[PDB]
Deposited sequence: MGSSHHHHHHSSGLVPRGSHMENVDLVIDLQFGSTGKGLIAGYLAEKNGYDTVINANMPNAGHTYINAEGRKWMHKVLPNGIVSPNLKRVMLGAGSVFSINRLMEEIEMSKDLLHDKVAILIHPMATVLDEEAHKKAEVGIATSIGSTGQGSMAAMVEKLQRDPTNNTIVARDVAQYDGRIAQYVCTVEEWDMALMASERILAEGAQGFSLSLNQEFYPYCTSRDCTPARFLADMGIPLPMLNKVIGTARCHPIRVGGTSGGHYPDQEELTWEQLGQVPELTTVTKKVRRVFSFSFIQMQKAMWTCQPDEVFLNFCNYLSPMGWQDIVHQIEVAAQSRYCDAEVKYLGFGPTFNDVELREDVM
């Protein structure tokens, strides 16, 4: 049980990148892994002010004991974007860090590419990273075999896995068809990263006091008020062990302290022991505080 999995409990865009960077600095994982499809990017800003805006690489690459960065089979990514992000952190991606691209990850020329991979037509060798790697040497250094992927996980000591969009955007939650093309749940993220279920140690769920994006019945006003019902649904399916509540700096103390209580009452209502353990008051490492301290 050595995988910490970071997920988003609402409609996304909760600052999951911030807690991923924070956790990577605090815990020093040697392996960071994700399986993202094209997105608007995940941002982490460290103590000294450096900014990482990532659409492909995990934000966890800031771990001081980084050894492996792993892009899972569910990844859909642009090669241009990936090489740009690698170069901007080449000081972190030195000779001591191995980057592994799952052979069945999808290369973009998002949904049309996901369809062509599912088509499994034997003479289209332009789709999956294994096939693109034969004529595109930029990723040839990076794509591994399925066997190598499994050995990398076996060899990892502690793993930070970063999830994708947020629970309520799941393909099979209530808002279909106004949703993404995948379920956004721990089971599906682990599946899309090829992580065996017994490796899961804890799930860190993220939320913001006023969630961004129909919607849930108990929320109004895109920015919405906090939804207790949305949090109940997310707790039942996602069962986080710890919660990071972000953008508390947009509310009065009474404001975000009430939401802490509501999150924990929703958790308990859906047989989840989650604790609100982290609070976010800004976009920086230095703005993440421990709930027991504030």
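Unmodelled regions of the deposited chain, listed from N- to C-terminal end, are 1 to 21, 131 to 151, 256 to 261, 270 to 289, 363.
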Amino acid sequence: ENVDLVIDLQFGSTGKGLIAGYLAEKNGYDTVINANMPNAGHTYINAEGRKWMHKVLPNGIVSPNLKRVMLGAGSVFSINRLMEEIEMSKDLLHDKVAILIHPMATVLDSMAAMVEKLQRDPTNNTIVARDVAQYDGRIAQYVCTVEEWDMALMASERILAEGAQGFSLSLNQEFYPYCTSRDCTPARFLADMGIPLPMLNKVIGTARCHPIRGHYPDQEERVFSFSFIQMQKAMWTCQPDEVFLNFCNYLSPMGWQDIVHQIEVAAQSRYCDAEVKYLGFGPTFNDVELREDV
From here on, numbers count along this sequence of modelled residues.
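We call the rigid core the largest set of C-alpha positions that still match within 1.5 Å between the two forms.
Greater average departure of CA atoms from the shown form, over structures and residues in 6 other deposited structures of this protein after a core fit, characterises 112 to 120 among 112 to 120 and 99 to 107.
Two stretches, 37 to 45 and 261 to 269, are weighed by how far their CA atoms sit from the shown form in 6 other deposited structures of this protein after rigid core superposition; the farther one is 37 to 45.
Higher mean CA temperature factor between 244 to 252 and 65 to 73: 244 to 252, per the PDB entry. When the two stretches 133 to 141 and 99 to 107 are set side by side, the higher mean Cα temperature factor goes to 133 to 141.
Taking only the listed residues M53, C238, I229, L57, the entry reports the highest CA temperature factor at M53.
Within the group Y178, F189, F224, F167, the record's highest C-alpha temperature factor is found at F224.
Remark: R182 belongs to the lowest third of its chain, ranked by C-alpha B-factor as recorded.
The deposited CA B-factor of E147 belongs to the middle third of values across its chain. Annotation for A40: CA B-factor lies in the highest third of the chain's modelled residues. Ranked by Cα temperature factor within the chain, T206 sits in the lowest third according to the deposited record. Looking at the C-alpha B-factors along this chain, the one for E84 belongs to the highest third.
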